[PDB]
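Comments concern the structure below.
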Amino acid sequence: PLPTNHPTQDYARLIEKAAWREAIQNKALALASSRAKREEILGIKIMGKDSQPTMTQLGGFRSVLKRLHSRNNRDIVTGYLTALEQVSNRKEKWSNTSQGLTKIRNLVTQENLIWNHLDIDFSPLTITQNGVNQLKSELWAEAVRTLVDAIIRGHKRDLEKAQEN
Amino acid sequence: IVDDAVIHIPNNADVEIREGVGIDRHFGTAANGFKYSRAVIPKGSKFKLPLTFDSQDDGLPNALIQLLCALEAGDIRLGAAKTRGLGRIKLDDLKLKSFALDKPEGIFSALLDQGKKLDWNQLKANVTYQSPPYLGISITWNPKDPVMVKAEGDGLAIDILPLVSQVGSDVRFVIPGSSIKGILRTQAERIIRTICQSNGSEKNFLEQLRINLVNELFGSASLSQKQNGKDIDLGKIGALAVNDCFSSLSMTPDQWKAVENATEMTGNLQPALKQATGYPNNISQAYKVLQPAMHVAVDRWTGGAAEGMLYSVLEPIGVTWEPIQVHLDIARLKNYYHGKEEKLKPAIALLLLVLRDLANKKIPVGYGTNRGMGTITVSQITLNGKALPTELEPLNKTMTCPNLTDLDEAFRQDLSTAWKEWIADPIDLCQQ
RNA sequence: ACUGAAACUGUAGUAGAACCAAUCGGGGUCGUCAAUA
RNA sequence: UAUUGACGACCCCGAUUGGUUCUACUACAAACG
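Chains as they are written, first to last, in PDB author numbering: chain A, 617 to 781; chain D, 88 to 519.
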């Protein structure tokens, strides 16, 4: 790895983000391609024709996650989840998920957890010393958004195979 | 030489995301699959004009002076969605530095002295800007019933909030030009289909859109088709382009976040709206501008309210809006009609029929048009074309009667005659 | 029993055309609750 | 056999579409009197 003071450290860091971003994206595709991995990460599942929760409830969450630009915005998503949880009829909309409301709470509030789900080995993808710690602190919110977007797309397109018969 | 130019978004405003939907022409509702989003650079954002010209002739070309005039006029459009709201740029602070690379002193000036400054105003005086034929329509509307495009997602204190955009250092309420163009296109197509008695129920949404005159005015998707050996693009850009509309009413980017992040309608929302409307001490005056409206669905056997079906709208009941600005590239139409200025009259006639409906409240705009919102009052339409063909010049009019009776009757009859001739045989008018 | 020299992978080309963030919903209203003596 | 004796609010958004279609290199300079 480059010495931290090295003059090409700035340029190298542009190469790193690119390699990390595209790695996160490709892994999010793979993880979203299986229904067991979608249920593990968000609790989202198919029950015959039915989606747990309905796609409208996933769209509501996904519309709030668009506001997760940084970890200073995780209060926005935790605001949404507490409001959802505080309304009994909306909470019940998420029963028969595999604990999906708390899985969302965790992913938004445990910074390591997106990386645990992605489980990318970033060593082939970093060259700056302290590259992994800084890029994880930098790309966290984008990784969360990227994984949930992929999961919800793979969910809906597996739902279409069960629903459109 | 044209360099890559980085865009400086004002302050550090983030990129906006703009929602898009195709509305099925039969059901009047979002067509399946036709739901999309586009990241857009705000407005007010700046970037360099990175241009270098190597002259072999003496002086600077007239065509290149004309180009720089068009940039300062704001006539060039850049990027995607040029007809659907986007892409307008304007040049400011144009500077010309000249280096006589043909001579010792000018080559060293290139190396060391940063060049001779030319007064642009001198060349700008030597030239007349040859603006191409276009018609510009500017419509002055005030909302009759609240008008608003829905924001991309449900709020906390208010479920349904107006769409906003960054306009410099402030946020303003926006009616995307994508929205004004889809309502105008929808009424344009409905008129055409009504005359031809042509149904839209069996066609898919891409087929529903593809009908005559609107394909030239509003544009058609690129779609290469083998006709017979020959291969033809059915796509053409719209000659009609609409610009996003913005309110008279602006807020600082945090004032609106105070509204978006309010959690109690009678709690912290009240200060947020009092702040954002500019009436911090008059909730009454504040709520004559932005009014929260509660709505229920009432269950049909019990009355009361249906479980869960309680929702709220921030109705911009008293937001004032800027004029809508439409731009008809007469030159682009004339190219589609292979130069034949006589073929313009049906497209012009259609556009004036669409404007007659817009003025007569037949075209509501934005969210909730069937549900208490979206009715506009059109108090003036200003048709203001430049280099129009001589028979279309009576378009140059400020209209205030909704029924077009400010346009000369002999002109409206001439358009009506060509319109009726087309109705009698509604050929694809750009096929030759 | 003698290193060839010299030579810009460059030139032209708008990631664009089409697409409504939209459809439905009265801020509404009556008898329940507890089980014995 | 039918008595005991009055209190009390609820709903807080729900359902859906989440991209669709087209263009995917084209001429060149090296080939060929």
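C-beta atoms are modelled at their ideal positions from N, C-alpha and C, and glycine is treated no differently.
task: Spell out a yes or no on whether the segment 478-485 of chain D and the segment 267-277 of chain D are touching, meaning 3 or more CB-CB pairs, one atom from each, closer than 8 angstroms.
output: The segment 478-485 of chain D vs the segment 267-277 of chain D: no contact.
query: Residues in its own chain within less than 8 angstroms of residue 489(D) by CB, not counting five upstream and five downstream?
result: Translated into positions along the second sequence, residue 489(D) becomes position 402. Excluding positions up to five away in sequence, the list reads 443, 446, 447, 465.
query: Are any of the Cβ atoms in chain D nearer than 8 angstroms to that of residue 699(A)?
result: One-based indexing of the first sequence puts residue 699(A) at position 83. By this cut-off, residue 699(A) is an interface position.
- request: Spell out whether any CB of chain A is found under 8 angstroms from the CB atom of residue 401(D).
  value: To locate residue 401(D), count along the second sequence from 1; it is residue 314. Residue 401(D) does not count as touching chain A.
- prompt: Looking at the C-beta of residue 748(A), does it have a partner C-beta in chain D at a distance below 8 angstroms?
  reply: In the first sequence, counting from the first residue as 1, residue 748(A) sits at position 132. Residue-level contact check: residue 748(A) does not touch chain D, since none of the beta carbons of chain D fall below 8 angstroms from its beta carbon.
- prompt: What residue does the alpha helix (DSSP H) around residue 747(A) start on, and which one ends it?
  reply: By one-based count along the first sequence, residue 747(A) stands at place 131. Residue 747(A) -> alpha helix (DSSP H) spans 747-779.
Nearest candidate by alpha-carbon position, reference residue 338(D), set 252(D), 312(D), 307(D): Mapped onto the second sequence, residue 338(D) falls at position 251. Considering only alpha carbons, the answer is 252(D).
field: residue 680(A): contacting residues in chain D (beta-carbon distance under 8 angstroms)
entry: Taking the first sequence and counting its residues from 1, one reaches residue 680(A) at position 64. Here the neighbours are 240.
task: Just tell me which of 374(D), 491(D), 268(D), 186(D) has its CA closest to the CA of residue 306(D).
output: Here residue 306(D) refers to the residue found at position 219 when the second sequence is read from its first residue. Among 374(D), 491(D), 268(D), 186(D), the Cα nearest to that of residue 306(D) belongs to 268(D).
task: Quick one: which unbroken beta strand (DSSP E) runs of 3-plus residues sit fully inside the segment 256-304 of chain D? Chain order, please.
output: Fully enclosed beta strand (DSSP E) runs of 3 or longer: 258-262.
Euclidean distance between Cα positions of residue 61(D) and residue 436(D): Here chain D comprises residues numbered 88 to 519, so residue 61(D) is not present and cannot be evaluated.
query: Which class does residue 123(D) belong to by DSSP, given the choice of helix, strand or coil?
result: Working through the second sequence from its first residue, we reach residue 123(D) at position 36. In the structure shown, residue 123(D) adopts extended strand secondary structure according to DSSP, grouped into three states.
task: Spell out a yes or no on whether the segment 312-320 of chain D and the segment 203-213 of chain D are touching, meaning 3 or more CB-CB pairs, one atom from each, closer than 8 angstroms.
output: no
field: Beta-bridge pairing of residue 653(A) - partner residues as DSSP gives them
entry: Within the first sequence, numbered from 1, the residue matching residue 653(A) stands at position 37. None, per the DSSP bridge assignment.
- request: Tell whether a beta-carbon distance below 8 angstroms holds between residue 103(D) and residue 137(D).
  value: Residue 103(D) sits at position 16 when you count from the first residue of the second sequence. Residue 137(D) sits at position 50 when you count from the first residue of the second sequence. Here residue 103(D) is not near residue 137(D), since their CB atoms are 8 angstroms or more apart.
- request: Answer yes if the segment 647-654 of chain A comes into contact with the segment 695-706 of chain A, meaning at least three C-beta pairs across the two stretches below 8 angstroms, and no otherwise.
  value: no
message: Short of 7 angstroms in beta carbon distance, which residues of its chain neighbour residue 370(D), apart from the five on each side in sequence? Order them along the chain.
response: As a working note, residue 370(D) is residue 283 in the second sequence. Counting only Cβ-Cβ distances below 7 angstroms, and skipping sequence neighbours, we find 357, 361.
message: Going residue by residue through the segment 327-351 of chain D, where are the continuous beta strand (DSSP E) segments of at least 3 residues, counting only ones entirely within it?
response: 327-330, 332-338
- prompt: Terminal residues of the continuous beta strand (DSSP E) containing residue 253(D)?
  reply: Translated into positions along the second sequence, residue 253(D) becomes position 166. It spans 251-253 - the beta strand (DSSP E) in which residue 253(D) sits, taken as one unbroken run.
task: Note down the Cα distance separating residue 340(D) from residue 258(D), rounded to an integer number of angstroms.
output: As a working note, residue 340(D) is residue 253 in the second sequence. As a working note, residue 258(D) is residue 171 in the second sequence. C-alpha separation (whole angstroms): 6 angstroms.
- prompt: Below 8 angstroms between beta carbons: does that hold for residue 399(D) and residue 373(D)?
  reply: Numbered from 1 along the second sequence, position 312 holds the residue referred to as residue 399(D). Numbered from 1 along the second sequence, position 286 holds the residue referred to as residue 373(D). Their beta carbons are not under 8 angstroms apart, which means residue 399(D) does not touch residue 373(D) by this criterion.
- prompt: Shorter than 8 angstroms from the beta carbon of residue 705(A) to some beta carbon of chain D?
  reply: Here the question's residue 705(A) lines up with position 89 in the first sequence. Output row for residue 705(A): interface = yes.
- prompt: If you compare alpha carbons, which of 759(A), 727(A), 706(A), 776(A) is closest to residue 643(A)?
  reply: As a working mapping, residue 643(A) is identified with position 27 in the first sequence. Of the listed residues, the one whose Cα sits closest to residue 643(A) is 759(A).
Where residue 527(D) falls, given that 16 or more other Cβ within 10 Å makes a residue buried: Nothing can be reported for residue 527(D), as the shown portion of chain D is limited to 88 through 519.
field: For residue 327(D) and residue 170(D), believed in contact at Cβ under 8 angstroms, the rounded distance
entry: Taking the second sequence and counting its residues from 1, the one referred to as residue 170(D) is at position 83. Taking the second sequence and counting its residues from 1, the one referred to as residue 327(D) is at position 240. 7 angstroms between Cβ atoms; contact.
query: Taking just the CA atoms, how far does residue 720(A) sit from residue 773(A)?
result: Looking up residue 773(A) in the first sequence gives position 157. Looking up residue 720(A) in the first sequence gives position 104. Taking the straight line joining both Cα atoms gives about 21 angstroms.
- prompt: By a C-beta neighbour count over all protein chains shown, 10 Å radius and 16 as the cutoff for buried, is residue 201(D) buried or exposed?
  reply: Within the second sequence, the letter at position 114 stands for residue 201(D). Per the 10 Å Cβ criterion, exposed.
Sufficient close CB pairs (3 or more, under 8 angstroms) joining the segment 658-670 of chain A to the segment 732-741 of chain A: no
field: Residues near residue 156(D) by beta carbon distance below 6 angstroms, same chain, minus five either side
entry: Looking up residue 156(D) in the second sequence gives position 69. Excluding sequence positions up to five before and after residue 156(D), its CB lies within less than 6 angstroms of the CB of 216, all in the same chain and listed in chain order.
message: Checking the sheet assignment: what are the DSSP bridge partners for residue 168(D)?
response: On the second sequence, residue 168(D) is found 81 positions in, with the first residue counted as 1. None; residue 168(D) has no bridge partner.
message: Cβ closer than 9 angstroms: which chain D residues qualify as neighbours of residue 685(A)?
response: Along the first sequence, read from residue 1 onward, the residue named residue 685(A) stands at position 69. Those are 101, listed as they occur along chain D.
message: Can you check whether the C-beta of residue 351(D) is within less than 8 angstroms of a C-beta belonging to chain A?
response: Working through the second sequence from its first residue, we reach residue 351(D) at position 264. No, because no Cβ of chain A sits closer than 8 angstroms to the Cβ of residue 351(D).
Beta-carbon gap between residue 453(D) and residue 266(D) smaller than 8 angstroms: Looking up residue 453(D) in the second sequence gives position 366. Looking up residue 266(D) in the second sequence gives position 179. Yes, the Cβ-Cβ distance between residue 453(D) and residue 266(D) is below 8 angstroms.
message: Does the contact criterion of 3 or more C-beta pairs under 8 angstroms hold for the segment 230-244 of chain D versus the segment 410-420 of chain D?
response: They do not touch, by the three-pair rule.
- request: Measure from the alpha carbon of residue 322(D) to the alpha carbon of each residue in 348(D), 92(D), 299(D), 342(D), then state which is nearest.
  value: Position 235 of the second sequence holds residue 322(D). Looking at the Cα atoms, 299(D) is the closest of the given residues.
- prompt: Helix, strand or coil: which one does DSSP assign to residue 408(D)?
  reply: Walking along the second sequence from the start, residue 408(D) turns up at place 321. Residue state, collapsed to three classes: strand.
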